[PDB]
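Step one of this worksheet: look at the structure below.
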Amino acid sequence: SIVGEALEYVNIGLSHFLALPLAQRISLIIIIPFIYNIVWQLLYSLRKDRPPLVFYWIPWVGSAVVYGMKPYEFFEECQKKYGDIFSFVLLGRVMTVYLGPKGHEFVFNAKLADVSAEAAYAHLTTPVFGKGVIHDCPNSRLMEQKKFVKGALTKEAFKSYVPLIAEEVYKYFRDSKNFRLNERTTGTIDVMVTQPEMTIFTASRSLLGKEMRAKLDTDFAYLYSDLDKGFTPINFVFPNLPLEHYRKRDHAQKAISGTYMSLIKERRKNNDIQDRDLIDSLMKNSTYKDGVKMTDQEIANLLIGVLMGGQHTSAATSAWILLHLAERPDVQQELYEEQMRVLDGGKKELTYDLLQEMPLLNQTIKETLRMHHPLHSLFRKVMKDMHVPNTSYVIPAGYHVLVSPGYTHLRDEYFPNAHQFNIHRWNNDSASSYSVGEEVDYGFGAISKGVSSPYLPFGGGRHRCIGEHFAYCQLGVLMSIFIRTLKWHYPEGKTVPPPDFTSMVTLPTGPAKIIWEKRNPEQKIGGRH
Ligand SMILES: CC[C@@H](C)n1ncn(-c2ccc(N3CCN(c4ccc(OC[C@H]5CO[C@](Cn6cncn6)(c6ccc(Cl)cc6Cl)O5)cc4)CC3)cc2)c1=O
Ligand code: HEM
């Protein structure tokens, strides 16, 4: 009646194991985690208190490759097999996806104690922006930082930004190799080259001021390029690794934040603090509610973050607008007529107020943001176990929740013929967004309380975007001028490119070229160059 001899043969087996040929021991260190992985998923599939988990062959990697290459195609397959809630493994992490408007509610209105955005995002952005701001600080600091920035983003600021943004667009048509409208009447451009330059020029001039704008004409512009490089999904797994890419980024962040602090300390020294730009504004208005002031280093890091966020979402969006309009001369024609009616055939300077009298222009932005949400996946790390309403599912702490309003933007159920670009689906509804009812303030102004809208380009809840009006202002001036100045179309046989879902924003797969030509070949842009 001896089990003792079994326990001996366990120990013997462990010892015979350790003495295997190194060819078999490498094999086992591969085959036994592979076998265990399959065994674990099958067992996992039994738990009725967990959403279904998408099956995967490679441990740790998970569904990373198919999710990254074509996330909306991934989501649609999963939705057919499992419905709206399902999980998948992604480079070590378990992501729980909740598709559709209830998904929006579940994640964007999640209680602050249940989930954390900074725990999800901190590695992605802190290396790039610097310490102390955005996701490298507690939520209540973030709430107030959004309040400070929003304070420079008022109707009266937009009124003064508009002629500044217009000036930069015109100087870019005049001076850029891509255009030179005083010398050339037609030409070819890559919109992934032109739009990121146009966006940084206009955002700099209006948010940072003319000094910082002036510096973009120098070799300082190269540091922006270097810091721009460090803004990549790979920071999610490799935020820091001793290589040259990471070294230029860190240098750039120091060099750029140094330049902003130089200006800040310069302005405080001369008492030269007005209401020109966002720098003036944060100098006057960056004291937290427990009395602590933001440092000059933190103020500068915040400027980098604001500028970098606006840079990528807006540049991609104007690239998409150009690309969709290039095959739709009917829409270009209709926008041109609205410009002629609102601006008296051009005998009226563009103002922020007149921009609000251009519904078709704003509907074009709205519709581009529907087809091309710059951020396909928004994340939160789960901090406490969460019950999913009307289900038996519990999402345990340590999981991530993923919400994807850009996926819902492309469903026929909520947008008839969702794959078709149509600015007229927004007729009599051209506002960037609006709360369908009740509102709430998390620290940075009253916003919509419900987040169930199928259309959520700026998200919702406490992490809701605050740059929506600035983006529309910027994109509006830009497109108003393109339309009044140029017609454009595709090279023969070219059409809208598919999105690049592996970058930070869903920008077009390039080279994405359009051919432009002047509406008025003899028109000249004045000023010195
Ligand atoms: C390894 C194999 C390969 C095939 N693969 N396998 C998987 N993937 C992959 C997966 C996921 C993703 N991403 C794309 C980027 N994405 C993402 C990027 C930025 C982001 O930002 C959310 C927060 C933080 O940044 C901002 C962005 N922003 C918002 N408005 C303007 N910018 C932000 C907020 C505030 C401020 Cl001040 C700045 C910034 Cl940047 O909001 C959220 C998600 C996550 C998924 C990419 C590739 C791959 O490429
Ligand atoms: C087309 C332009 C833009 C789009 C579509 C967009 C979209 C978004 C979205 C979806 C979020 C929420 C992210 C999340 O919930 O995880 C967000 C957050 C945010 N965005 Fe934007 N954005 C745009 C432009 C801008 C601009 C121009 C600025 C700055 C002026 C800006 C600043 C911010 C800030 C400060 C947050 C808050 C992040 C947080 O609270 O955690 N965005 N944006």
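By order in the structure tokens, chains are A, B, ...; within a chain, residues start at 1; ligands start at 1, following the order shown.
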
TODO: Would you list the contacts of segment 232-236 of chain A as a ChimeraX atom specification, taking every protein, DNA or RNA residue within 12 Å and counting only C-alpha atoms, but skipping same-chain residues closer than 6 positions in sequence?
DONE: /A:68,90-93,119-128,226,245-246,249,308,312,375,377,379,501-506

Residue selection dump (C-alpha atoms) as a CSV table (one decimal), in the first residue's frame:
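Generated output (part-v1.csv):
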chain,number,residue,atom,x,y,z
A,68,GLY,CA,-2.5,45.6,-35.2
A,90,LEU,CA,-1.9,41.3,-26.7
A,91,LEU,CA,1.9,41.3,-26.1
A,92,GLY,CA,1.5,40.1,-22.5
A,93,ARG,CA,-1.7,41.9,-21.7
A,119,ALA,CA,-1.6,53.3,-15.9
A,120,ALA,CA,-2.4,52.3,-19.5
A,121,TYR,CA,-0.8,55.3,-21.3
A,122,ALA,CA,2.1,56.5,-19.1
A,123,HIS,CA,4.8,54.7,-21.0
A,124,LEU,CA,3.5,55.9,-24.3
A,125,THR,CA,3.7,59.6,-23.7
A,126,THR,CA,5.9,60.5,-20.7
A,127,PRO,CA,9.2,59.7,-22.6
A,128,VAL,CA,8.1,62.1,-25.3
A,226,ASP,CA,13.5,63.9,-33.7
A,245,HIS,CA,16.5,56.7,-31.8
A,246,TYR,CA,15.8,57.0,-28.1
A,249,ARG,CA,14.3,61.9,-28.7
A,308,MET,CA,2.2,66.8,-30.2
A,312,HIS,CA,-0.9,64.0,-35.2
A,375,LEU,CA,-7.4,56.7,-32.6
A,377,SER,CA,-8.4,51.9,-29.8
A,379,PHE,CA,-7.4,51.9,-23.3
A,501,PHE,CA,-3.4,51.1,-38.2
A,502,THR,CA,0.1,50.4,-36.8
A,503,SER,CA,1.1,54.0,-36.2
A,504,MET,CA,0.0,56.4,-33.4
A,505,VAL,CA,-2.9,57.7,-35.5
A,506,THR,CA,-4.7,56.0,-38.4

Open item on the list: Quick one: residues within 10 Å of residue 50 of chain A, only C-alpha atoms, excluding same-chain residues fewer than 4 positions away - as an MDAnalysis selection string?
Closed with: chainID A and resid 44:46 85:87 96 387:388 391:396

Task: Interatomic distance, atom CA of residue 416 of chain A to atom CA of residue 102 of chain A (Å, one decimal) - done: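 The value is 19.6 Å.
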
Open item on the list: Please list as a PyMOL selection string every residue within 9 Å of segment 324-329 of chain A, counting only C-alpha atoms and excluding residues in the same chain fewer than 3 positions away.
Closed with: chain A and resi 319-321+332-334+368+421+487-490+495-496+514-515

Using only N, CA, C and O atoms, please write the residues we just selected to a file, as a PDB file, in the first residue's frame.
ATOM      1  N   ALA A 319      -5.129  65.351 -44.047  1.00  0.00           N
ATOM      2  CA  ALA A 319      -4.711  64.462 -45.132  1.00  0.00           C
ATOM      3  C   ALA A 319      -5.920  63.653 -45.657  1.00  0.00           C
ATOM      4  O   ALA A 319      -6.158  63.592 -46.865  1.00  0.00           O
ATOM      5  N   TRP A 320      -6.692  63.054 -44.754  1.00  0.00           N
ATOM      6  CA  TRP A 320      -7.899  62.318 -45.170  1.00  0.00           C
ATOM      7  C   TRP A 320      -8.917  63.197 -45.895  1.00  0.00           C
ATOM      8  O   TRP A 320      -9.534  62.754 -46.860  1.00  0.00           O
ATOM      9  N   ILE A 321      -9.072  64.442 -45.466  1.00  0.00           N
ATOM     10  CA  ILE A 321     -10.034  65.334 -46.107  1.00  0.00           C
ATOM     11  C   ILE A 321      -9.625  65.580 -47.550  1.00  0.00           C
ATOM     12  O   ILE A 321     -10.450  65.494 -48.470  1.00  0.00           O
ATOM     13  N   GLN A 332     -16.121  69.334 -53.798  1.00  0.00           N
ATOM     14  CA  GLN A 332     -15.247  70.518 -53.894  1.00  0.00           C
ATOM     15  C   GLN A 332     -16.014  71.707 -54.464  1.00  0.00           C
ATOM     16  O   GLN A 332     -15.850  72.855 -54.029  1.00  0.00           O
ATOM     17  N   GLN A 333     -16.860  71.413 -55.440  1.00  0.00           N
ATOM     18  CA  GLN A 333     -17.690  72.416 -56.093  1.00  0.00           C
ATOM     19  C   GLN A 333     -18.716  73.038 -55.134  1.00  0.00           C
ATOM     20  O   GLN A 333     -18.895  74.262 -55.069  1.00  0.00           O
ATOM     21  N   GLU A 334     -19.398  72.173 -54.400  1.00  0.00           N
ATOM     22  CA  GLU A 334     -20.318  72.582 -53.341  1.00  0.00           C
ATOM     23  C   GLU A 334     -19.662  73.385 -52.188  1.00  0.00           C
ATOM     24  O   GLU A 334     -20.238  74.363 -51.693  1.00  0.00           O
ATOM     25  N   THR A 368     -15.267  63.185 -42.235  1.00  0.00           N
ATOM     26  CA  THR A 368     -13.927  62.627 -42.271  1.00  0.00           C
ATOM     27  C   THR A 368     -13.550  62.045 -40.915  1.00  0.00           C
ATOM     28  O   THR A 368     -12.929  60.972 -40.817  1.00  0.00           O
ATOM     29  N   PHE A 421     -18.480  58.023 -48.228  1.00  0.00           N
ATOM     30  CA  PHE A 421     -18.220  59.368 -47.754  1.00  0.00           C
ATOM     31  C   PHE A 421     -19.355  60.303 -48.150  1.00  0.00           C
ATOM     32  O   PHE A 421     -19.562  60.562 -49.344  1.00  0.00           O
ATOM     33  N   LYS A 487      -8.083  73.446 -56.976  1.00  0.00           N
ATOM     34  CA  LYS A 487      -8.824  72.217 -57.257  1.00  0.00           C
ATOM     35  C   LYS A 487      -7.780  71.124 -57.213  1.00  0.00           C
ATOM     36  O   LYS A 487      -6.608  71.398 -57.416  1.00  0.00           O
ATOM     37  N   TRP A 488      -8.177  69.888 -56.958  1.00  0.00           N
ATOM     38  CA  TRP A 488      -7.188  68.829 -56.905  1.00  0.00           C
ATOM     39  C   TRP A 488      -7.855  67.509 -57.194  1.00  0.00           C
ATOM     40  O   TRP A 488      -9.082  67.395 -57.061  1.00  0.00           O
ATOM     41  N   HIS A 489      -7.060  66.530 -57.624  1.00  0.00           N
ATOM     42  CA  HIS A 489      -7.571  65.236 -58.091  1.00  0.00           C
ATOM     43  C   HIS A 489      -6.455  64.194 -57.976  1.00  0.00           C
ATOM     44  O   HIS A 489      -5.322  64.548 -57.679  1.00  0.00           O
ATOM     45  N   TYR A 490      -6.774  62.922 -58.207  1.00  0.00           N
ATOM     46  CA  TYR A 490      -5.779  61.841 -58.121  1.00  0.00           C
ATOM     47  C   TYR A 490      -5.016  61.637 -59.435  1.00  0.00           C
ATOM     48  O   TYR A 490      -5.547  61.886 -60.524  1.00  0.00           O
ATOM     49  N   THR A 495      -6.699  56.036 -55.882  1.00  0.00           N
ATOM     50  CA  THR A 495      -7.900  56.311 -55.089  1.00  0.00           C
ATOM     51  C   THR A 495      -7.522  56.426 -53.601  1.00  0.00           C
ATOM     52  O   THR A 495      -6.329  56.448 -53.270  1.00  0.00           O
ATOM     53  N   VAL A 496      -8.511  56.515 -52.708  1.00  0.00           N
ATOM     54  CA  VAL A 496      -8.202  56.716 -51.292  1.00  0.00           C
ATOM     55  C   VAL A 496      -7.360  55.552 -50.781  1.00  0.00           C
ATOM     56  O   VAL A 496      -7.700  54.403 -50.980  1.00  0.00           O
ATOM     57  N   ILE A 514      -1.725  63.606 -54.481  1.00  0.00           N
ATOM     58  CA  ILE A 514      -2.784  64.272 -55.224  1.00  0.00           C
ATOM     59  C   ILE A 514      -2.123  65.260 -56.167  1.00  0.00           C
ATOM     60  O   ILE A 514      -0.984  65.677 -55.935  1.00  0.00           O
ATOM     61  N   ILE A 515      -2.841  65.614 -57.231  1.00  0.00           N
ATOM     62  CA  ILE A 515      -2.410  66.645 -58.166  1.00  0.00           C
ATOM     63  C   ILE A 515      -3.249  67.892 -57.923  1.00  0.00           C
ATOM     64  O   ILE A 515      -4.468  67.822 -57.958  1.00  0.00           O
TER      65      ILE A 515
END

Task: A:69, A:340, A:477, A:354 ranked by distance to ligand 1, top pick (using only C-alpha atoms and all ligand atoms) - done: A:69

Task: Exercise: segment 256-258 of chain A partners within 12 Å, only C-alpha atoms, chain neighbours under 3 positions left out, as a PyMOL selection string - done: chain A and resi 128-131+212+215-216+220-228+248-253+261-266+295-305+307

Limited to N, CA and C atoms, could you put the picked residues into a file as a short mmCIF file (atom, residue, chain, number, x, y, z; two decimals), in the first residue's frame?
data_model
loop_
_atom_site.label_atom_id
_atom_site.label_comp_id
_atom_site.auth_asym_id
_atom_site.auth_seq_id
_atom_site.Cartn_x
_atom_site.Cartn_y
_atom_site.Cartn_z
N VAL A 128 8.14 61.09 -24.20
CA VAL A 128 8.10 62.06 -25.29
C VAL A 128 7.89 63.47 -24.75
N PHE A 129 6.95 63.62 -23.82
CA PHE A 129 6.56 64.94 -23.35
C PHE A 129 7.50 65.41 -22.23
N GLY A 130 7.86 64.50 -21.33
CA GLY A 130 8.56 64.89 -20.13
C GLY A 130 7.73 64.52 -18.92
N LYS A 131 8.30 64.72 -17.74
CA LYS A 131 7.70 64.29 -16.48
C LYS A 131 6.72 65.31 -15.90
N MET A 212 8.24 80.99 -31.20
CA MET A 212 8.38 79.56 -31.39
C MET A 212 8.13 79.21 -32.85
N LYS A 215 11.28 79.95 -34.87
CA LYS A 215 12.33 78.96 -34.72
C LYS A 215 12.18 77.77 -35.65
N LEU A 216 11.03 77.66 -36.29
CA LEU A 216 10.80 76.53 -37.19
C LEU A 216 11.48 76.76 -38.54
N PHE A 220 16.50 74.21 -35.76
CA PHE A 220 15.76 73.79 -34.58
C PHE A 220 14.60 72.88 -34.98
N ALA A 221 14.08 73.11 -36.19
CA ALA A 221 13.00 72.31 -36.75
C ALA A 221 13.35 70.83 -36.76
N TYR A 222 14.64 70.52 -36.81
CA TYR A 222 15.08 69.13 -36.83
C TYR A 222 14.81 68.43 -35.50
N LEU A 223 14.74 69.19 -34.41
CA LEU A 223 14.52 68.59 -33.10
C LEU A 223 13.06 68.14 -32.99
N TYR A 224 12.18 68.88 -33.64
CA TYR A 224 10.78 68.51 -33.69
C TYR A 224 10.64 67.18 -34.41
N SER A 225 11.34 67.06 -35.53
CA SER A 225 11.43 65.81 -36.26
C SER A 225 11.90 64.65 -35.36
N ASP A 226 12.95 64.90 -34.58
CA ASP A 226 13.53 63.90 -33.67
C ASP A 226 12.58 63.50 -32.54
N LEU A 227 11.88 64.48 -31.98
CA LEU A 227 10.93 64.18 -30.93
C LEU A 227 9.72 63.49 -31.54
N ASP A 228 9.33 63.90 -32.75
CA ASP A 228 8.20 63.28 -33.44
C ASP A 228 8.42 61.78 -33.65
N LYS A 248 18.14 60.65 -29.54
CA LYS A 248 17.76 61.89 -30.19
C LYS A 248 16.44 62.43 -29.63
N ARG A 249 15.54 61.51 -29.28
CA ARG A 249 14.25 61.86 -28.69
C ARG A 249 14.44 62.58 -27.35
N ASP A 250 15.07 61.91 -26.39
CA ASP A 250 15.43 62.51 -25.10
C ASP A 250 16.16 63.85 -25.21
N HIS A 251 17.13 63.92 -26.12
CA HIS A 251 17.83 65.18 -26.39
C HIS A 251 16.87 66.26 -26.88
N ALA A 252 16.06 65.90 -27.88
CA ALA A 252 15.04 66.80 -28.42
C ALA A 252 14.07 67.30 -27.33
N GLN A 253 13.59 66.40 -26.49
CA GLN A 253 12.67 66.80 -25.42
C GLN A 253 13.33 67.83 -24.48
N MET A 261 11.04 77.09 -21.80
CA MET A 261 11.44 77.70 -20.52
C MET A 261 12.26 78.99 -20.70
N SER A 262 13.11 79.03 -21.72
CA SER A 262 13.85 80.25 -22.00
C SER A 262 12.88 81.40 -22.25
N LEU A 263 11.84 81.14 -23.03
CA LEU A 263 10.85 82.16 -23.38
C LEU A 263 10.03 82.53 -22.16
N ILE A 264 9.58 81.52 -21.43
CA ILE A 264 8.81 81.72 -20.21
C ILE A 264 9.59 82.61 -19.21
N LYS A 265 10.82 82.22 -18.89
CA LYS A 265 11.61 82.99 -17.92
C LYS A 265 11.93 84.38 -18.48
N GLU A 266 12.21 84.45 -19.77
CA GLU A 266 12.36 85.74 -20.43
C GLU A 266 11.12 86.64 -20.23
N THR A 295 5.70 73.90 -12.37
CA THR A 295 7.02 74.47 -12.64
C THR A 295 7.14 74.87 -14.10
N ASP A 296 8.17 75.66 -14.39
CA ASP A 296 8.44 76.01 -15.76
C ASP A 296 8.73 74.77 -16.58
N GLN A 297 9.33 73.77 -15.95
CA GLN A 297 9.59 72.51 -16.66
C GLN A 297 8.26 71.80 -16.97
N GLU A 298 7.33 71.85 -16.03
CA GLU A 298 6.05 71.19 -16.22
C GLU A 298 5.20 71.95 -17.25
N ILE A 299 5.21 73.28 -17.18
CA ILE A 299 4.51 74.10 -18.14
C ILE A 299 5.01 73.80 -19.55
N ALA A 300 6.32 73.75 -19.72
CA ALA A 300 6.91 73.39 -21.01
C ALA A 300 6.58 71.95 -21.47
N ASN A 301 6.57 71.00 -20.55
CA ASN A 301 6.27 69.63 -20.93
C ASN A 301 4.81 69.54 -21.40
N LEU A 302 3.96 70.37 -20.79
CA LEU A 302 2.56 70.40 -21.11
C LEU A 302 2.38 70.96 -22.53
N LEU A 303 3.14 72.01 -22.85
CA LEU A 303 3.13 72.60 -24.19
C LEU A 303 3.51 71.55 -25.24
N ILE A 304 4.54 70.75 -24.96
CA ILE A 304 4.96 69.70 -25.89
C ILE A 304 3.85 68.67 -26.09
N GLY A 305 3.22 68.25 -25.00
CA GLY A 305 2.14 67.29 -25.07
C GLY A 305 0.97 67.81 -25.89
N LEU A 307 0.88 70.27 -28.09
CA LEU A 307 1.30 70.44 -29.47
C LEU A 307 1.44 69.11 -30.23
#

TODO: May I have the residues within 12 Å of residue 384 of chain A as a list in words, using only C-alpha atoms and disregarding those fewer than 6 positions away in the same chain?
DONE: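 The filter keeps residues 110, 111, 112, 113, 114, 115, 116, 394, 395, 396, 397, 398, 399, 400 and 401 of chain A.
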
Open item on the list: I'd like to know which of A:453, A:520, A:240, A:432 is closest to residue 104 of chain A, using only C-alpha atoms.
Closed with: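 The shortest atom-to-atom distance to residue 104 of chain A comes from A:453.
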
Task: Interatomic distance, atom CA of residue 76 of chain A to atom CA of residue 314 of chain A (Å, one decimal) - done: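 Taking atom CA of residue 76 of chain A and atom CA of residue 314 of chain A, their separation equals 26.9 Å.
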
Open item on the list: as JSON, numbers by chain, please: the residues near residue 403 of chain A (cut-off 8 Å, only C-alpha atoms, same-chain neighbours under 5 positions excluded).
Closed with: {"A": [97, 98, 99, 103, 104, 107, 108, 377, 378, 379]}
